[PDB]
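Undergrad: Okay, handing you the structure first.
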Amino acid sequence: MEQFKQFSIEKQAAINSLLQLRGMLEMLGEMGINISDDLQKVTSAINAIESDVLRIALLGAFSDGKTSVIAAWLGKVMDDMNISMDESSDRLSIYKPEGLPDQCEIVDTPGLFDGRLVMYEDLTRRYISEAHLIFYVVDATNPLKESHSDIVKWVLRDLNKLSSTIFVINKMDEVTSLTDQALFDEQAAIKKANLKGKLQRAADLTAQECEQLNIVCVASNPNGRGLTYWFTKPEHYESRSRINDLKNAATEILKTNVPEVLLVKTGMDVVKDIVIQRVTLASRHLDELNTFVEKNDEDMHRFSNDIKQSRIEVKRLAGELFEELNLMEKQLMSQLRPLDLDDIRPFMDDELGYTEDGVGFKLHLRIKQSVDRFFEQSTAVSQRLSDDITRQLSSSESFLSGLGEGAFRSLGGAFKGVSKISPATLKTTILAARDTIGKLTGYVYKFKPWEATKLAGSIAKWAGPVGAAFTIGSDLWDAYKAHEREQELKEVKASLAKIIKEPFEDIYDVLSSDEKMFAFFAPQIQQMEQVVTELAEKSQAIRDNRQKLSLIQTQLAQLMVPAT
């Protein structure tokens, strides 16, 4: 991996990253977000970028052997790439060597190496800012000339190119043996430390910036023999010069710094930071929305289950109620059929009730207490149902309240403007459904008056005067013969049966049909079902939106993987 292939590669990566940016923009557009003309702006920056070529700013005094360092690194002696560098001109200058695998620009400011005016020229500042690599070449004996403080500051502080600058301590030969691997590294580390201290102090560097510094020790032209000669021995030279340490450092900077240079140069750094911000934000609040829409969708099914179970339970109670009332009636009837006329009054008193009003009060109260008990158990069922619906609605309200009123504005068009959807629009629909349910829910008291049944005069004479001790007189018993009396018994029993049966008949007709049964003992179950059914319908508009957005975010997440 060498310098022009790395660049060409980093160029392409940056172009790709911008095509993914374009893709990310199309999706925002799709969720009704701005764009203005960011799509065409991005295409333009891709085109501008295609032109660009590798650029190195070669900085340093010429006497520190800068020219050797760059030829060395490229691979070719200066004249073979038909270019020749001028020692003094008070301007910026650019060299575009030839016969190389690809093109590259070599920028420098020869005047500096009141020629210090070029540091404040927007032009020479732009050309060095927009370089991908900066070599500041210094001396091994006494690294960094005494006069250069403000140039180091210009590069590292003013222009802010520390991440892309390699200080190249050159001519290490005249400080150490190029043979003794372990001594070189000892002097190379001491010289790296020394220069580190002069730079930090020339440019106000912090301790952290100091660690970021790129320093490399090298011997471009070792012994003094020359490049033309040393290229003839390419693998001997590399071990001695340590030039590979420089190519490698340069390769890692390119790896990192080439895209930043290209993005900034075209103004796309800013475009891209904003787009990735809106997308990151957009999925973080789609996650919120999904949580709400999922929960709400699951509650709806949960509410219809509750209603089912509710209904199943009430049906079970209605049947138990019926079973209980049917025994009561069978029991009373089997007590009646064997009774002789003396037995009658005790029976009316003790089982039915016998008053001036008439007969039936005692039975009525006992039927009533059985009906009441069901009406209460069944009213409690409907109360447990209201409490679950009401609990879940409230936890949706509470989820949506913690989102913030602007939580969905990043999701674009449907959450902005006069028809906007928001946590508060959705909360409202929920709370009016919870309100309608808090008014349905109710124990009720409805008074149902009861009249007793008067006994026929004919049958009143076998019962006796109300509330008195009564046995049947001789005068009454010997007014009939047996067949005139056992018939008198039959029509009195006929009389009590009709009385006994009546109150059950009515209520069995109610329990025999679920429509009626429900309408009398548990109407709020149907009423709550209505409310739940309506709430379901009002939930469509977000479901429509959440779907579009999810399909959309799936694509965004894809486009965003490279950017992570």
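Here, A, B, ... name the chains of the structure tokens in the order displayed, residue numbers run from 1 inside each chain, and ligands are numbered from 1 in the same displayed order.
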Which residues are near residue 465 in chain A? Cut-off 12 Å, only C-alpha atoms, ignore same chain within fewer than 4 positions. Put them as a list in words.

TA: residues 345, 349, 354, 355, 356, 358, 455, 457, 459, 460, 461, 469, 470, 471 and 472 of chain A

Undergrad: Residues within 12 Å of residue 308 in chain A, please, as a list in words. Count only C-alpha atoms; anything in the same chain fewer than 6 positions from it doesn't count.

TA: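 Near neighbours after the sequence-gap exclusion: residues 301, 302, 314, 315, 381, 382, 385, 525, 526 and 529 of chain A.
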
Undergrad: Given the choices A:22, A:236, A:285, A:493, which gets closest to residue 334 in chain A if the distance is worked out from only C-alpha atoms?

TA: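 Using only C-alpha atoms, the shortest distance to residue 334 in chain A belongs to A:493.
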
Undergrad: May I have all residues of range 70-250 of chain A that DSSP, computed from the backbone, assigns to helix (DSSP H, G or I), given as number ranges by chain?

TA: A: 70-74, 110-112, 118-120, 122-129, 146-158, 162-164, 172-175, 181-202, 207-212, 227-230, 234-241, 243-250

Undergrad: So, counting only C-alpha atoms, which residue among A:163, A:283, A:16, A:129 is closest to residue 265 in chain A?

TA: A:129

Undergrad: Go through A:348, A:73, A:62, A:413 one by one, measure the shortest atom-to-atom distance of each to residue 86 in chain A using only C-alpha atoms, and give the residue with the smallest value.

TA: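 Nearest to residue 86 in chain A: A:62.
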
Undergrad: Considering only C-alpha atoms, tabulate each residue of range 66-105 of chain A that lies at most 10 Å from range 237-249 of chain A along with its nearest interatomic pair and the corresponding distance in Å to one decimal; arrange the rows by chain and ascending residue number and present them as CSV.

TA:
```
residue,atom,partner,partner_atom,distance
A:69,CA,A:243,CA,8.5
A:72,CA,A:243,CA,7.6
A:73,CA,A:247,CA,6.6
A:74,CA,A:247,CA,9.0
```

Undergrad: At a cut-off of 10 Å, using only C-alpha atoms, what residues contact residue 496 in chain A? Leave out same-chain residues fewer than 6 positions from it and give the result as an NGL selection string.

TA: :A and (333 or 336 or 344 or 348 or 352 or 359-360 or 455 or 459 or 502)

Undergrad: Would you mind listing what lies within 7 Å of residue 110 in chain A as a PyMOL selection string, with only C-alpha atoms counted and same-chain residues fewer than 3 positions away left out?

TA: chain A and resi 87-90+113

Undergrad: Using only C-alpha atoms, which of A:523, A:497, A:218, A:210 sits nearest residue 191 in chain A?

TA: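 Looking only at the distances to residue 191 in chain A, the closest residue turns out to be A:218.
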
Undergrad: In terms of the shortest atom-to-atom distance over only C-alpha atoms, which of A:279, A:67, A:488, A:6 is closest to residue 23 in chain A?

TA: A:279
